[PDB]
């Protein structure tokens, strides 16, 4: 079986052509392949497959090092696009792909960066979903240790965005879990902590819904920028610095879809039996 090793935003991936290859992985096998000393070594495994839908080009699955399938909105998108482009599985510049719990259109930029159309930000509290009497640019959320202000929005998934003075000292450790599992968020939520450097630059940390802090949250990045823009604190093109890497977010506001642009790097090609 053939595979490629890639990296993007602090995560290293094994990417597999599941279209021209028939591939199956047990959680077990995945755990073994992920092992850095006895296996290939990787944070995540990405499998490209047929979409079984005439209006899409591909579908792809993501698995964690534990061996279980995951559905982290937008991650692996850059590696996926670069991969199908490098492997010649397609030659289109605009690629439509489905994810376990989502959908998106990717654009292979001329400079070789990958631009993702994340759709239009969802503000309606009910549609996030988030419990509140009405829309607000800033909501008041109470926790056991502090009352915080936050912007709330949905990029398909739910997000909670809190601004902080210093990204490194933000109380992510305590506030993260408290917001992530907060009562007013029926289906839970992604908790973003954003430090605004200037109108086009932010530093961000995110406590992922049901996963805690990660090196990078694509959707988190989108959400934080959408909120900042909504509140008038940010311009329409913002550089976002996540722990694992940087992303460029572009959003022209209400009535417009939000774009997430970033890089993906091919490291090597591999061959492995079983």
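Residue numbers count along the first chain shown, from 1.
- The mean C-alpha temperature factor is higher for 211-219 when 211-219 and 42-50 are set side by side.
- Relative to its counterpart among 71-79 and 159-167, 71-79 has the higher mean temperature factor, C-alpha atoms as listed in the PDB entry.
- Across 239, 231, 236, 26, the entry's maximum B-factor at the CA atom is seen for 26.
- Among the modelled residues of its chain, residue 19 has a C-alpha B-factor that falls in the middle third according to the deposited record.
- The entry lists a Cα temperature factor for residue 130 that places it in the highest third of the chain's modelled residues.
- Split the chain's modelled residues into thirds by C-alpha temperature factor. Residue 141 is in the highest one.
- The entry lists a Cα temperature factor for residue 4 that places it in the lowest third of the chain's modelled residues.
- In this PDB entry, residue 87 carries a Cα temperature factor that places it within the middle third of its chain's modelled residues.
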